[PDB]
């Protein structure tokens, strides 16, 4: 099938250090060191749950894509899910053909250095969905 695995659940957090330490030292998760991603305006910590990852995100620089989310959601919150696709270009053409209003039109290189597209919550799906080339 075109649609694949859940690659990550992304959580925006107001304190990346504290969030990472909670998963690591309270819950006993496998947690990475923080990685700055300046191109993407965030810092990330990866929580490896074995089957998938949680990405803990915090703004990096004054123009972060998640800065506005953290003003609304001061305690942090679930920000998006990311599901893999076998072929992102075939997937974009298909979704364009289906004429869905949530499609974000332009394929960009995402935080993993692979092409992605975002579907906003505009067709009953209920969540921001990042689709990433597998």
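Positions refer to the first chain, counted from 1.
The stretch 72-80 shows the higher mean C-alpha B-factor when 39-47 is compared against 72-80 in the entry. Annotation for 52-60 versus 87-95: the higher mean temperature factor (C-alpha) is found in 87-95.
Residue 3: CA B factor in the middle third of modelled residues in this chain (values from the PDB entry). When the CA B factors of the chain's modelled residues are split into thirds, the value for residue 128 lands in the middle one. The entry lists a Cα temperature factor for residue 27 that places it in the lowest third of the chain's modelled residues. Per the deposited record, the Cα B-factor of residue 117 falls in the middle third when ranked against the other modelled residues of its chain.
Ranked by C-alpha B-factor against the other modelled residues of its chain, residue 13 falls in the middle third.
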